[PDB]
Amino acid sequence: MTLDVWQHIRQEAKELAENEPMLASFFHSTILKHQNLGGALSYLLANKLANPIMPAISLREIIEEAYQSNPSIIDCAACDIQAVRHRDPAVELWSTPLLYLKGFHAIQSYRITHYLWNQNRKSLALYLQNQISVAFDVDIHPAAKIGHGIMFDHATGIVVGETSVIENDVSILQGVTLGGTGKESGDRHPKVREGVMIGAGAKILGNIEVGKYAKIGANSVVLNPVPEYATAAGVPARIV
């Protein structure tokens, strides 16, 4: 759910704190001192997206407004923690995604830029979009539509276009682009349907469909729609 992902997170944090004295202050600052997942998540992102021109204090306020003006955002964060947890068997702790995984952080920071975008506060959405790219090395245009249960593993170098759509339970690895072919304007980015898995370095270009539960091979260049439950691979990509 959400309140109980929070509780499991709080309960792990106390243990983790007990077993690692060099990291207690860290567990207290990021999780233990907060009352809800929102307080913690905002504290983390604001600190991580912070810089000398726009300090953490100035960014937290901005994040907490979006959390109050749209609490679903936090729920979507909770569904993401669960996703990474259940889809990356190397992850056992519920707190791990929240504390350490930059992909997860970029996803949740993007949700905030999307909210701002839909509120027409574009210069602020752009500022964050790009600071997200600096901190996490993930560039998601605020206008993309991204569901929940999302996992951006390792994440470095992922780029997502303005008109891209990413449905629920999608997993994307490092270096993939959901970009364009060349049509400078209009619907021109991929529509990645549910359950899709995208291999490291894959380039998906155009306003084309990636059928649900498809698998996209590492480094493939996907230029044509992909049938559901199929595997595409190669350069350019073909079903195999």
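So that there is no doubt, residue numbering starts at 1 and follows the sequence shown.
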Looking only at CA atoms, which has the higher mean B factor in the entry: 30 to 38 or 176 to 184? 176 to 184
Mean CA temperature factor from the deposited coordinates, higher in 60 to 68 or in 167 to 175? 60 to 68
In terms of recorded Cα temperature factor, pick the maximum from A218, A230, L16, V221. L16
Going by the entry, which of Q108, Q119, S133, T156 has the most elevated CA B factor? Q119
Using the temperature factors of the C-alpha atoms in this entry, rank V138 within its chain: lowest, middle or highest third. lowest
How does the C-alpha B factor of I53 compare with the rest of the chain: lowest, middle or highest third? highest
Would you check the entry's CA temperature factor for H114 and let me know if it's in the chain's lowest, middle or highest third? middle
Using the B-factor values recorded in the entry, state whether the Cα atom of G161 falls in the lowest, middle or highest third among the modelled residues of its chain. middle
Classify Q129 as lowest, middle or highest third according to the C-alpha B-factor given in the PDB entry, relative to its own chain. lowest
